[PDB]
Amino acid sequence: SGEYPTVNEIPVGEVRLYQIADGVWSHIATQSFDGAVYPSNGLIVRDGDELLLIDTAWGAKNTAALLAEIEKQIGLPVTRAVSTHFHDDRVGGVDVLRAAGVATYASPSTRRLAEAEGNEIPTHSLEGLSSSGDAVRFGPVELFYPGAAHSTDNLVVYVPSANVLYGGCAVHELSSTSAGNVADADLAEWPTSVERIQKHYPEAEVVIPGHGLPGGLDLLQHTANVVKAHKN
């Protein structure tokens, strides 16, 4: 159909790519957790004759499959990866990346939390992101720390060439009916963090959530709405 691929269409272990814009893809994979199956997204951004990866494919074997799919579909080497928070859907697979020549990065907050939780740990620390509203450049993207939301360390990623906003797990898809896995969330700060994203990226054309279908800037307001209803 060429439509964005949904949880039931992706067996656990296989990875899909979806072209978002020129030089921008999402990657989609599925994983089992606590007896249910979930999709999750990441991003790929062309960086000259190399690629920048945002987030793993949620597990070691999924991430190996991601690398194979990139080779098949794109054929440029992944040289760097950024993980946007410490959960396994973002860092699970960092060891696979590190053994495939990829330099792995995350904020110091993410690295601390990953280490404390027993999740895989990116090698390199991203300074300059410790206060909400902070932004830094990283190859063809901007990394932005909006404040605590889904997690206290969550980062969002903007692709200025294409006006693509990758919200990661701080942003939910339009069909969502709850705020996802909130165990490490700050439901009270989340709307404020989303407002910071809205103010900083008003020209975003595509908004990609951490899980589920991309859309437009409405994903941000919807996220605030579902989080408020969850807190309530």
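Numbers follow the displayed sequence, beginning with 1. Take the two forms, superpose them, and find the largest set of C-alpha atoms that agree within 1.5 Å; that set is the rigid core.
Colleague: Once the rigid core is matched, which of the two stretches, 7-15 or 204-212, lies farther off on average in 9 other deposited structures of this protein by C-alpha?
Modeller: After the core superposition, the stretch with higher RMS deviation in 9 other deposited structures of this protein is 7-15.
Colleague: Take the C-alpha B-factors listed in the entry for 95-103 and for 108-116, compute each mean, and give the stretch with the larger one.
Modeller: Stretch with the higher mean C-alpha B-factor: 95-103.
Colleague: Going by the mean C-alpha B-factor recorded in the entry, which is higher: 60-68 or 195-203?
Modeller: It is 195-203.
Colleague: I'd like to know which of 40, 26, 177, 32 has the highest C-alpha temperature factor in the PDB entry.
Modeller: Highest C-alpha B-factor among the listed residues goes to 177.
Colleague: Highest Cα B-factor in the deposition, which of 79, 161, 125, 73?
Modeller: If I rank 79, 161, 125, 73 by C-alpha B-factor, first place goes to 161.
Colleague: Please say which third, lowest, middle or highest, residue 130 falls into when its CA temperature factor is compared across its chain.
Modeller: Its C-alpha B-factor, which the entry lists for residue 130, ranks in the highest third among residues of this chain.
Colleague: Divide the modelled residues of the chain into thirds by Cα B-factor and specify which third, lowest, middle or highest, holds residue 55.
Modeller: Within its chain, residue 55 is a lowest-third residue by C-alpha B-factor, going by the deposited values.
Colleague: Please say which third, lowest, middle or highest, residue 36 falls into when its CA temperature factor is compared across its chain.
Modeller: Middle third of the chain for residue 36's C-alpha B-factor.
Colleague: Could you tell me which third, lowest, middle or highest, the C-alpha B-factor of residue 168 occupies within its chain?
Modeller: Middle third of the chain for residue 168's C-alpha B-factor.
Colleague: By the record's CA B-factor, is residue 10 among the lowest, middle or highest third of residues in the chain?
Modeller: Highest third - that is where residue 10 ends up once the chain's C-alpha B-factors are sorted.
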